[PDB]
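What follows is a set of notes on a single structure, which appears directly below.
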Amino acid sequence: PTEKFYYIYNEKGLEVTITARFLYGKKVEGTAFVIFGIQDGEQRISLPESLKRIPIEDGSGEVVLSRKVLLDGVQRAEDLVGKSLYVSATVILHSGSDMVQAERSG
Amino acid sequence: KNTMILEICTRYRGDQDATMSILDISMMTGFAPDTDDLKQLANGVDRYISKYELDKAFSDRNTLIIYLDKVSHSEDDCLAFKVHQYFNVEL
Amino acid sequence: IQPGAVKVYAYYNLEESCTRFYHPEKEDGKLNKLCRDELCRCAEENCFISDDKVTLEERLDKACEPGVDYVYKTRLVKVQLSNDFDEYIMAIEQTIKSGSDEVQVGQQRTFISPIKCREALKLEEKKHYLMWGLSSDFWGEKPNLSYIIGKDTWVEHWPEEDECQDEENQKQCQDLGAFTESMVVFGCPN
Amino acid sequence: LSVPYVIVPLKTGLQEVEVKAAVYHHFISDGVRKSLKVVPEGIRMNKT
Amino acid sequence: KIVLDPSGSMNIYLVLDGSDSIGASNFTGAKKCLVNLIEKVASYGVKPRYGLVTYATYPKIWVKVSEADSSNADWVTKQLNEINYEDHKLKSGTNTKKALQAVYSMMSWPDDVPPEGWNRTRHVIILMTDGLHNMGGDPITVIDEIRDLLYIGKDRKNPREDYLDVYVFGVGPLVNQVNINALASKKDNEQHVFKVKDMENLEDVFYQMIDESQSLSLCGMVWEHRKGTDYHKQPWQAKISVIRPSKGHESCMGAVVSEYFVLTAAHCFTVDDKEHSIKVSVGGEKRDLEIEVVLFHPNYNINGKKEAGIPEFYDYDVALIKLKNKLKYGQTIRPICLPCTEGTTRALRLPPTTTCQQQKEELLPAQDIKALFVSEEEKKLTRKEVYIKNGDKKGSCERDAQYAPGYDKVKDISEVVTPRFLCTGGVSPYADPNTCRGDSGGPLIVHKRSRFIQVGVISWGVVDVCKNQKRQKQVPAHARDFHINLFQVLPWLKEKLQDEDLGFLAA
Amino acid sequence: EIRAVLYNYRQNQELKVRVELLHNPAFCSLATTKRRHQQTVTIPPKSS
Amino acid sequence: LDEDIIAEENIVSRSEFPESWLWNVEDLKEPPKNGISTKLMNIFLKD
Amino acid sequence: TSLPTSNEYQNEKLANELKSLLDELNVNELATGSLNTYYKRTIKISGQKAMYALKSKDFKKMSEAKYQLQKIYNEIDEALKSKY
Ligand SMILES: *[C@@H]1O[C@H](CO)[C@@H](O[C@@H]2O[C@H](CO)[C@@H](O[C@@H]3O[C@H](CO[C@@H]4O[C@H](CO)[C@@H](O)[C@H](O)[C@@H]4O)[C@@H](O)[C@H](O)[C@@H]3O)[C@H](O)[C@H]2NC(C)=O)[C@H](O)[C@H]1NC(C)=O
Ligand SMILES: *[C@@H]1O[C@H](CO)[C@@H](O[C@@H]2O[C@H](CO)[C@@H](O[C@@H]3O[C@H](CO)[C@@H](O)[C@H](O)[C@@H]3O)[C@H](O)[C@H]2NC(C)=O)[C@H](O)[C@H]1NC(C)=O
Ligand SMILES: *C1O[C@H](CO)[C@@H](O)[C@H](O)[C@H]1NC(C)=O
Ligand SMILES: [Mg+2]
């Protein structure tokens with residue numbers, strides 16, 4: 001994520017970058033499936049309306065979680081303060097041969 | 001084939017024996033110095049030819065460099081080595 | 001051509017996937033294989049079967065080839081037939097050339113063939129046959145092995161004792177008889 | 001570039017699949033001889 | 001890979017294919033690749049119970065691994081050498097399973113009784129076929145049968161994979177490679193599959209199929225493979241250097257006689273020279289070794305004749321050099337054999353009753369002896385074959401010392417050329433090469449029985465045909481070379497090398 | 001005499017080079033209006 | 001064979017694919033310089 | 001007869017130098033029998049490249065294969081000195 005946190009009053013939203021490269025360093029070409037969610041101590045609440053499918057060119061990808069969808073995920077912005085967000089990406093090569101699942105939490 | 005002989009004579013027009021000088025030689029397009037003759041002039045004192053120049057073989061050695069430790073000012077210090085033709089080309 | 005394939009699955013789960021194949025000829029991409037119980041083999045191959053000019057020399061050459069492993073003069077004792085493949089329980093009356101299978105004269109070695117090759121050689125009962133194949137035709141684990149009548153399996157009808165008297169089967173009785181002695185004591189020309 | 005290969009395991013145990021490839025004009029090549037476990041038809045369980 | 005030591009019995013099962021697919025051109029060459037082997041195997045001293053079976057459709061047991069003559073290489077070679085191709089031409093079949101089936105009996109002990117320490121015996125099968133086998137089954141099962149007999153690969157921590165080395169030589173043109181490999185032993189970092197081309201330059205082949213674990217100590221032993229450096233051919237050879245004020249640099253050579261000692265001429269050093277002014281270079285590595293002390297021969301004296309008119313006296317020109325550090329024998333660092341020792345005895349393959357005199361007769365007979373001396377040409381250890389004038393021409397050769405520098409006004413020639421000297425060089429019976437200053441201290445070796453025995457030490461010469469960094473052109477007929485006979489200084493070498501565990505003959 | 005150094009910094013590929021000195025009325029060399037003065041030398045890898 | 005390519009019999013396949021290797025132990029008893037010893041190991045990279 | 005010409009020398013010299021290595025190819029190739037699989041894999045590949053280049057008499061391929069075959073040789077020579 002661009003920031004190691006998230007500002008509740010940030011219009012832009014939570015910007016996340018998906019970087020994928022082969023073990024030998026070379027860049028990766030494929031398609032990634034990224035989703036979000038909120039954590040509360042030990043409980044996690046997935047956000048189905050945040051599921052994105054962005055292409056991965058030059059071994060890089062760009063995904064954004066609009067504040068609109070985030071707030072709509074619950075039912076008092078000042079309340080979400082203290083909680084945490086977690087990103088779950090899933091890249092698949094254009095050959096459909098290999099598949100990797102990453103995750104940033106906290 | 002044709003194989004000719006190249007003789008070089010030089011002398012310093014000074015009062016003292018000139019110190020360490022250099023012999024820059026340029027072969028006639030299609031001629032290479034005899035390897036054996038180079039070893040002879042190399043092993044000799046007051047003369048030096050870097051190992052780099054040695055193992056080049058007839059092929060790539062159109063330019064030669066014979067380092068001299070000194071050159072007399074009284075008489076002429078002359079040396080000579082054999083050269084062979086391996087390329088044959090008019091003019 | 002190689003059978004294609006299509007795979008379906010969710011992005012969150014790879015385990016729960018289903019894959020189908022497709023081929024312009026074969027059933028549903030699934031290759032050709034002969035299987036009994038839990039013992040299957042790569043039946044992806046050809047079959048085996050107007051008496052041109054089989055001579056004494058034509059046999060000595062094809063019976064001394066690389067793959068040539070076993071050569072017997074057997075007698076078919078029992079003939080069973082299933083819906084997925086037939087078979088022939090033949091007893092060896094002599095071992096012209098012992099192979100990787102340690103078998104004494106008298107024992108029975110099972111032979112197996114596809115159901116489509118029932119028109120190849122109608123192996124009748126109590127008849128003799130000269131046969132030889134490759135070691136790649138063995139099936140199972142020792143000592144319980146099983147022969148396979150494949151493309152490289154030579155199946156020939158061996159006339160009976162009182163049949164060589166016929167003035168039409170003589171040309172074959174002399175060739176088979178000479179081929180026998182030319183193998184037991186002599187051997188291949190290579 | 002992906003290259004499909006349909007195969008059917010016949011005997012259980014650690015079997016061996018091997019593929020090789022060389023380029024034309026260029027004198028380069030590389031073969032891979034990896035091994036995969038071939039397990040029969042069963043499911044894990046822990047009866048008490 | 002193939003242990004090599006008398007500390008245990010071994011077996012070499014030589015199976016050869018003689019069917020039509022081989023041909024006379026490769027079957028004859030197939031024998032050469034077994035004859036030369038036995039020689040290079042016996043040269044190490046080991047005494048294997050050879051087995052020889054030529055096969056086609058029905059094998060033919062020439063030699064059994066149970067006979068009493070199965071250990072005499074000279075006889076086994078005779079049999080193999082006499083083995084005529086067409087021994088069985090009728091049955092051109094290639095029943096390999098049958099051949100190996102017979103080999104099984106060779107090791108198949110008689111029933112319910114395992115012979116004395118059977119398991120400690122090594123088993124090596126050297127099948128030479130073209131893989132193309134028609135009659136029989138798959139010889140693989142036989143390898144699996146023998147796999148159990150020798151109790152191999154049937155235990156957890158005791159695999160016993162060291163007692164089975166199956167080698168296969170792909171003789172004949174068209175050969176089924178796929179088949180061969182299956183038969184050959186599959187061991188890591190080892191070679192067991194040899195093909196036709198491998199034949200040429202045999203030495204390279206023998207290399208792989210031999211590891212001198214316990215023969216790392218055997219002297220006068222040399223590898224000849226083309227991929228071998230100069231010191232792979234002359235392990236004993238050593239380059240000594242003497243640095244000193246106004247002395248520039250004195251170049252001499254020597255031979256490794258023991259783990260701590262190096263033999264060289266005694267005229268290369270002097271009482272003045274210190275122990276840190278002398279550096280010994282063993283093999284290849286430009287890593288000089290500090291010496292401990294130079295042991296000059298008590299009878300050595302270059303000025304013993306200050307009165308008679310002999311400016312230089314080379315009598316007893318030998319001196320040992322005890323290195324400050326102990327040497328570990330390697331393929332490029334091995335000792336040379338010294339006269340009148342246990343080593344030379346077994347090296348020449350002679351009975352334990354071999355006396356010191358019997359060796360002097362075999363090594364230095366009264367005649368023209370084939371010898372050699374190692375010399376460096378442009379940093380290259382090249383071999384120079386010469387002849388020793390020990391026969392009647394000994395006098396005609398030694399009398400040529402009247403041409404030596406400072407040797408004109410000499411009362412008697414038996415005064416400068418003492419019996420402690422051997423003579424070489426000249427033009428008879430052959431044009432023998434000459435030794436240069438750098439070669440001084442070089443060993444005079446007599447190549448016999450694939451081994452190398454030193455019988456002399458380069459002392460001096462009459463003419464310096466080796467001008468300076470060159471040698472040739474116009475060599476005089478009186479150009480003779482003199483070397484210190486190691487038999488004439490036995491009591492001395494027998495004194496200093498007493499704790500080197502060489503095994504000199506008390507006789 | 002003028003020098004013309006040809007450098008070759010290829011990994012392991014000695015180059016077969018063809019060097020020519022173009023003609024010029026201002027200078028007098030072996031190369032003329034109708035004659036080309038061209039050599040064909042070879043340069044070892046990673047050298048001049 | 002004559003084609004401008006490599007035959008199947010000339011392609012040695014890579015088989016050694018370990019997940020964790022070089023499980024070795026080395027002691028630094030080499031001549032120290034500035035309290036820093038230096039050992040040079042010659043490892044064999046896998047396939 | 002007199003002498004060679006432009007492409008007449010360099011193209012022949014490279015051929016001879018490439019042949020010298022090809023002669024002792026079996027020597028080095030068989031020397032990897034005790035060495036690792038790497039050397040055995042590199043020499044069997046660099047082997048053909050030198051042969052195919054020789055018959056083609058192509059200056060480029062011959063040189064390209066000369067150092068290709070020369071490198072592996074040197075790597076084998078050093079691989080043996082750690083073994084004595
Ligand atoms: C003996 O047999 C039992 C029964 O098969 C085995 O127990 C099973 O073993 C695995 C590993 O211990 C258990 O996996 C865990 O599953 C839990 C709980 O299941 C969850 O249920 C809740 C509510 O429905 C939801 O989160 C999901 O539906 C989820 O399935 C999960 O929280 C953990 O992550 C963990 O993976 C499994 O639960 C369990 N199955 C049962 C009890 O039926 C046991 O391994 C086996 N071994 C022995 C000797 O005890
Ligand atoms: C073992 O069998 C091999 C294979 O038959 C034999 O190799 C052959 O040897 C002959 C004689 O050396 C070669 O003939 C040569 O032909 C070349 C031209 O290619 C020519 O330049 C030579 O002057 C000679 O005439 C021949 O190439 C070769 N056959 C092959 C490799 O196919 C070999 O002689 C037999 N002996 C042993 C033990 O190697
Ligand atoms: C056989 O060899 C093994 C291994 O060296 C040894 O332990 C044992 O004492 C020997 N005796 C027998 C016949 O087992
Ligand atoms: Mg044969």
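If you're wondering about the labels, chains in the structure tokens are A, B, ... by order shown, residues count from 1 in each chain, ligands from 1 in order shown.
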_At most 12 Å from ligand 4 (only C-alpha atoms and all ligand atoms): residue list as a VMD selection string_ = (chain C and resid 64 to 66 187 to 190) or (chain E and resid 16 to 23 27 55 to 57 88 to 96 128 to 135 171 to 176)
Kindly export the residues of the current selection with N, CA and C atoms, as a CSV table (one decimal), in the first residue's frame.
```
chain,number,residue,atom,x,y,z
C,64,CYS,N,15.3,-63.1,-35.0
C,64,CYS,CA,16.6,-62.8,-34.4
C,64,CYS,C,16.8,-61.2,-34.3
C,65,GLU,N,15.6,-60.5,-34.4
C,65,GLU,CA,15.6,-59.1,-34.3
C,65,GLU,C,15.9,-58.6,-32.9
C,66,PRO,N,16.1,-57.3,-32.7
C,66,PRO,CA,16.4,-56.8,-31.3
C,66,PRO,C,15.4,-57.3,-30.3
C,187,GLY,N,21.2,-70.8,-33.7
C,187,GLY,CA,21.0,-69.5,-33.2
C,187,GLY,C,20.9,-68.4,-34.3
C,188,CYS,N,20.8,-67.2,-33.8
C,188,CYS,CA,20.7,-66.0,-34.7
C,188,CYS,C,22.0,-65.7,-35.4
C,189,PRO,N,22.0,-65.2,-36.6
C,189,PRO,CA,23.1,-64.9,-37.4
C,189,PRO,C,23.9,-63.6,-37.1
C,190,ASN,N,23.6,-63.0,-35.9
C,190,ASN,CA,24.2,-61.7,-35.6
C,190,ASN,C,25.1,-61.8,-34.4
E,16,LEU,N,33.8,-61.5,-22.7
E,16,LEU,CA,34.0,-60.9,-24.1
E,16,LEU,C,33.0,-61.5,-25.1
E,17,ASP,N,32.4,-60.6,-25.9
E,17,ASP,CA,31.5,-61.0,-26.9
E,17,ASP,C,32.2,-61.4,-28.2
E,18,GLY,N,31.8,-62.5,-28.8
E,18,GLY,CA,32.5,-63.0,-30.0
E,18,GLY,C,31.6,-63.4,-31.1
E,19,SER,N,30.4,-62.7,-31.2
E,19,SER,CA,29.4,-63.0,-32.2
E,19,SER,C,29.7,-62.1,-33.4
E,20,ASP,N,29.0,-62.3,-34.5
E,20,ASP,CA,29.2,-61.6,-35.8
E,20,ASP,C,29.1,-60.1,-35.7
E,21,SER,N,28.2,-59.6,-34.8
E,21,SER,CA,28.0,-58.2,-34.7
E,21,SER,C,29.2,-57.4,-34.2
E,22,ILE,N,30.2,-58.2,-33.6
E,22,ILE,CA,31.4,-57.6,-33.1
E,22,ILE,C,32.4,-57.3,-34.3
E,23,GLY,N,32.7,-58.4,-35.0
E,23,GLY,CA,33.6,-58.3,-36.1
E,23,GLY,C,35.1,-58.5,-35.6
E,27,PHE,N,36.9,-57.2,-32.1
E,27,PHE,CA,37.2,-58.3,-31.2
E,27,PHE,C,38.6,-58.3,-30.8
E,55,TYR,N,31.9,-65.5,-24.9
E,55,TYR,CA,30.5,-66.0,-25.1
E,55,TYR,C,29.9,-65.6,-26.5
E,56,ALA,N,29.0,-66.4,-27.0
E,56,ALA,CA,28.2,-66.1,-28.2
E,56,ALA,C,26.8,-66.6,-28.0
E,57,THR,N,26.6,-67.9,-28.2
E,57,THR,CA,25.3,-68.5,-27.9
E,57,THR,C,25.6,-69.5,-26.7
E,88,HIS,N,34.1,-69.7,-31.7
E,88,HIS,CA,32.8,-70.2,-32.1
E,88,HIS,C,32.1,-69.3,-33.1
E,89,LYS,N,32.1,-69.7,-34.4
E,89,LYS,CA,31.6,-68.9,-35.5
E,89,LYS,C,30.2,-69.5,-35.9
E,90,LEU,N,29.9,-70.7,-35.5
E,90,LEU,CA,28.7,-71.3,-35.8
E,90,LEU,C,27.5,-70.7,-35.2
E,91,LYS,N,27.6,-70.4,-33.9
E,91,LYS,CA,26.5,-69.8,-33.1
E,91,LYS,C,26.7,-68.3,-32.9
E,92,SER,N,26.5,-67.5,-33.9
E,92,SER,CA,26.7,-66.1,-33.8
E,92,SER,C,25.6,-65.4,-32.9
E,93,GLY,N,24.8,-66.2,-32.3
E,93,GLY,CA,23.8,-65.7,-31.3
E,93,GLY,C,24.6,-64.8,-30.3
E,94,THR,N,23.8,-64.0,-29.6
E,94,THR,CA,24.4,-63.2,-28.5
E,94,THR,C,23.7,-63.4,-27.2
E,95,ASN,N,23.7,-64.6,-26.6
E,95,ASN,CA,23.1,-64.9,-25.4
E,95,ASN,C,23.9,-64.4,-24.2
E,96,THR,N,23.7,-63.1,-23.8
E,96,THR,CA,24.4,-62.5,-22.7
E,96,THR,C,24.0,-63.0,-21.3
E,128,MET,N,32.1,-56.9,-22.2
E,128,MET,CA,32.4,-56.2,-23.4
E,128,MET,C,31.5,-56.7,-24.6
E,129,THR,N,30.3,-56.2,-24.6
E,129,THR,CA,29.3,-56.5,-25.7
E,129,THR,C,28.8,-55.3,-26.4
E,130,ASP,N,28.0,-55.5,-27.4
E,130,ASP,CA,27.4,-54.4,-28.2
E,130,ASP,C,25.9,-54.2,-27.8
E,131,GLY,N,25.5,-54.8,-26.7
E,131,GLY,CA,24.1,-54.6,-26.2
E,131,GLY,C,23.1,-55.4,-27.0
E,132,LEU,N,23.4,-55.6,-28.3
E,132,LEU,CA,22.6,-56.3,-29.2
E,132,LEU,C,22.6,-57.8,-28.9
E,133,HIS,N,21.7,-58.3,-28.0
E,133,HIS,CA,21.6,-59.7,-27.6
E,133,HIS,C,20.2,-60.2,-28.1
E,134,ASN,N,20.3,-61.4,-28.8
E,134,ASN,CA,19.1,-62.0,-29.3
E,134,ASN,C,18.6,-63.2,-28.5
E,135,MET,N,19.4,-64.2,-28.3
E,135,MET,CA,19.0,-65.3,-27.5
E,135,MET,C,19.1,-65.0,-26.0
E,171,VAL,N,31.5,-52.4,-27.7
E,171,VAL,CA,32.3,-52.8,-28.9
E,171,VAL,C,31.4,-53.0,-30.1
E,172,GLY,N,32.0,-52.9,-31.3
E,172,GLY,CA,31.2,-53.0,-32.5
E,172,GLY,C,30.5,-51.7,-32.9
E,173,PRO,N,30.2,-51.6,-34.2
E,173,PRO,CA,29.6,-50.3,-34.7
E,173,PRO,C,28.3,-50.1,-34.1
E,174,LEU,N,27.2,-50.4,-34.8
E,174,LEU,CA,25.8,-50.1,-34.3
E,174,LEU,C,25.6,-50.8,-33.0
E,175,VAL,N,25.5,-50.1,-31.9
E,175,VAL,CA,25.3,-50.6,-30.5
E,175,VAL,C,24.1,-50.0,-29.8
E,176,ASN,N,23.3,-50.9,-29.3
E,176,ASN,CA,22.1,-50.4,-28.5
E,176,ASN,C,22.5,-49.8,-27.2
```
Compile a residue-level contact table for chain E against ligand 2 at a cut-off of 7 Å, reporting for every qualifying residue the shortest atom pair and its distance in Å to one decimal, with only C-alpha atoms and all ligand atoms counted, rows ordered by chain and ascending number, as CSV.
```
residue,atom,partner,partner_atom_place_in_ligand_line,distance
E:25,CA,ligand 2,35 (C),5.0
E:26,CA,ligand 2,1 (C),4.2
E:29,CA,ligand 2,38 (C),4.0
E:30,CA,ligand 2,38 (C),6.3
E:171,CA,ligand 2,1 (C),6.8
E:172,CA,ligand 2,2 (O),5.3
E:173,CA,ligand 2,4 (C),4.8
E:196,CA,ligand 2,39 (O),5.7
E:197,CA,ligand 2,39 (O),6.5
E:199,CA,ligand 2,39 (O),6.1
E:200,CA,ligand 2,39 (O),6.9
```
*asked:* I'd like the neighbourhood of residue 12 (chain D) as a PyMOL selection string, where a residue qualifies if any of its atoms comes within 8 Å (using only C-alpha atoms), though same-chain residues fewer than 5 positions away should be ignored.
replied: chain D and resi 37-40
*Mind checking which residues fall within 10 Å of region 1-14 of chain F, counting only C-alpha atoms, ignoring those fewer than 4 positions away in the same chain, and posting them as number ranges by chain?*
B: 26; F: 19, 21, 41-48; H: 14, 59-68, 71
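Inspection of the environment of ligand 3, which uses only C-alpha atoms and all ligand atoms and a cut-off of 7 Å, identifies the neighbouring residues as residues 117, 118, 119 and 120 of chain E.
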Can I get the selection written as a compact mmCIF listing (two decimals), in the first residue's frame, with N, CA and C atoms?
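File produced: part-v8.txt:
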```txt
# COMPACT_ATOMS: atom_id res chain seq x y z
N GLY E 117 36.09 -65.50 5.05
CA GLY E 117 35.96 -64.07 4.80
C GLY E 117 35.61 -63.75 3.36
N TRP E 118 34.58 -64.41 2.85
CA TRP E 118 34.14 -64.22 1.47
C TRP E 118 33.73 -62.78 1.19
N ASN E 119 32.93 -62.22 2.08
CA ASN E 119 32.35 -60.89 1.88
C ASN E 119 33.38 -59.77 1.72
N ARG E 120 34.61 -60.02 2.16
CA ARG E 120 35.65 -59.00 2.08
C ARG E 120 36.26 -58.94 0.68
```
*Return as a PyMOL selection string the residues belonging to chain G that are within 9 Å of chain H, counting only C-alpha atoms.*
chain G and resi 2-6+10-13
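Taking only C-alpha atoms and all ligand atoms into account, the protein and nucleic acid residues that come at most 12 Å from ligand 1 are residues 43 and 44 of chain A; 43, 44, 45, 46, 47 and 48 of chain D.
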*Name the residues in contact with residue 47 (chain E) at a cut-off of 8 Å, using only C-alpha atoms, excluding same-chain residues fewer than 4 positions from it; report them as JSON, numbers by chain.*
{"E": [6, 9, 10, 42, 71, 72]}
*Might you pull out every residue within 12 Å of residue 24 (chain F), with only C-alpha atoms counted and same-chain residues fewer than 4 positions away left off, and present them as a VMD selection string?*
chain F and resid 28 to 37
Those residues you just picked out, can you put them in a file as an mmCIF file, in the first residue's frame with C-alpha atoms?
```cif
data_model
loop_
_atom_site.group_PDB
_atom_site.id
_atom_site.type_symbol
_atom_site.label_atom_id
_atom_site.label_comp_id
_atom_site.auth_asym_id
_atom_site.auth_seq_id
_atom_site.Cartn_x
_atom_site.Cartn_y
_atom_site.Cartn_z
ATOM 1 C CA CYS F 28 48.577 10.286 -51.410
ATOM 2 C CA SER F 29 48.155 6.662 -50.334
ATOM 3 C CA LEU F 30 47.677 3.216 -51.868
ATOM 4 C CA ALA F 31 43.978 4.051 -52.138
ATOM 5 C CA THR F 32 43.142 5.875 -55.366
ATOM 6 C CA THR F 33 39.999 6.922 -57.242
ATOM 7 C CA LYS F 34 39.650 3.488 -58.847
ATOM 8 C CA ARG F 35 41.649 1.397 -56.372
ATOM 9 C CA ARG F 36 40.579 0.509 -52.833
ATOM 10 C CA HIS F 37 43.217 0.007 -50.144
#
```
Which residues of chain C come within 12 Å of chain D, and for each one, what is the closest pair of atoms and their distance in Å to one decimal, counting only C-alpha atoms, sorted by chain and residue number, as JSON lines?
```
{"residue": "C:1", "atom": "CA", "partner": "D:6", "partner_atom": "CA", "distance": 11.2}
{"residue": "C:2", "atom": "CA", "partner": "D:6", "partner_atom": "CA", "distance": 7.5}
{"residue": "C:3", "atom": "CA", "partner": "D:6", "partner_atom": "CA", "distance": 7.5}
{"residue": "C:4", "atom": "CA", "partner": "D:6", "partner_atom": "CA", "distance": 8.6}
{"residue": "C:5", "atom": "CA", "partner": "D:6", "partner_atom": "CA", "distance": 9.0}
{"residue": "C:6", "atom": "CA", "partner": "D:4", "partner_atom": "CA", "distance": 11.6}
{"residue": "C:20", "atom": "CA", "partner": "D:6", "partner_atom": "CA", "distance": 11.9}
{"residue": "C:21", "atom": "CA", "partner": "D:6", "partner_atom": "CA", "distance": 9.8}
{"residue": "C:22", "atom": "CA", "partner": "D:6", "partner_atom": "CA", "distance": 11.7}
{"residue": "C:29", "atom": "CA", "partner": "D:6", "partner_atom": "CA", "distance": 9.5}
{"residue": "C:30", "atom": "CA", "partner": "D:8", "partner_atom": "CA", "distance": 9.4}
{"residue": "C:31", "atom": "CA", "partner": "D:8", "partner_atom": "CA", "distance": 8.6}
{"residue": "C:32", "atom": "CA", "partner": "D:8", "partner_atom": "CA", "distance": 10.4}
{"residue": "C:33", "atom": "CA", "partner": "D:8", "partner_atom": "CA", "distance": 9.5}
{"residue": "C:34", "atom": "CA", "partner": "D:10", "partner_atom": "CA", "distance": 11.1}
{"residue": "C:35", "atom": "CA", "partner": "D:10", "partner_atom": "CA", "distance": 10.1}
{"residue": "C:38", "atom": "CA", "partner": "D:10", "partner_atom": "CA", "distance": 9.5}
{"residue": "C:39", "atom": "CA", "partner": "D:10", "partner_atom": "CA", "distance": 7.8}
{"residue": "C:40", "atom": "CA", "partner": "D:10", "partner_atom": "CA", "distance": 6.4}
{"residue": "C:41", "atom": "CA", "partner": "D:10", "partner_atom": "CA", "distance": 6.5}
{"residue": "C:42", "atom": "CA", "partner": "D:10", "partner_atom": "CA", "distance": 8.1}
{"residue": "C:43", "atom": "CA", "partner": "D:8", "partner_atom": "CA", "distance": 11.2}
{"residue": "C:44", "atom": "CA", "partner": "D:8", "partner_atom": "CA", "distance": 11.0}
{"residue": "C:139", "atom": "CA", "partner": "D:10", "partner_atom": "CA", "distance": 11.9}
{"residue": "C:140", "atom": "CA", "partner": "D:11", "partner_atom": "CA", "distance": 10.7}
{"residue": "C:141", "atom": "CA", "partner": "D:11", "partner_atom": "CA", "distance": 11.6}
```
_With only C-alpha atoms considered, list every residue of chain D at most 10 Å from chain A, as an MDAnalysis selection string._
chainID D and resid 1:4
*By how many Å are CA of residue 11 (chain A) and CA of residue 67 (chain A) apart?*
6.4 Å
*Enumerate the residues of chain B with a DSSP assignment of strand (DSSP E or B), computed from the backbone, and present them as JSON, numbers by chain.*
{"B": [4, 5, 6, 7, 8, 9, 10, 18, 21, 22, 23, 24, 25, 26, 31, 32, 33, 47, 48, 63, 64, 65, 66, 67, 68, 71, 77, 78, 79, 80, 81, 82, 83, 84, 85]}
Taking only residues of chain H that have an atom at most 8 Å from an atom of chain E, what is each one's shortest atom pair and its distance in Å to one decimal, using only C-alpha atoms, in chain and number order, as a tab-separated table?
```
residue	atom	partner	partner_atom	distance
H:26	CA	E:198	CA	6.7
H:27	CA	E:204	CA	6.7
H:28	CA	E:227	CA	7.2
H:30	CA	E:198	CA	7.2
H:31	CA	E:204	CA	7.1
H:33	CA	E:191	CA	4.8
H:34	CA	E:190	CA	4.9
H:35	CA	E:189	CA	6.0
H:36	CA	E:189	CA	6.2
H:77	CA	E:227	CA	7.9
H:84	CA	E:331	CA	5.5
```
*Determine which residues of chain A sit within 9 Å of chain C, taking into account only C-alpha atoms, and present them as a PyMOL selection string.*
chain A and resi 33+90+101
Requested write-out: N, CA and C atoms of the selected residues, as a compact mmCIF listing (two decimals), in the first residue's frame:
```txt
# COMPACT_ATOMS: atom_id res chain seq x y z
N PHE A 33 -6.08 -11.24 -8.81
CA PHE A 33 -7.39 -11.10 -8.18
C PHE A 33 -7.21 -10.60 -6.75
N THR A 90 -4.12 -12.53 -5.64
CA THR A 90 -3.95 -13.85 -6.24
C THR A 90 -3.59 -13.72 -7.72
N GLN A 101 -0.72 -16.94 -4.12
CA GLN A 101 -1.60 -16.14 -3.28
C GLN A 101 -0.82 -15.37 -2.22
```
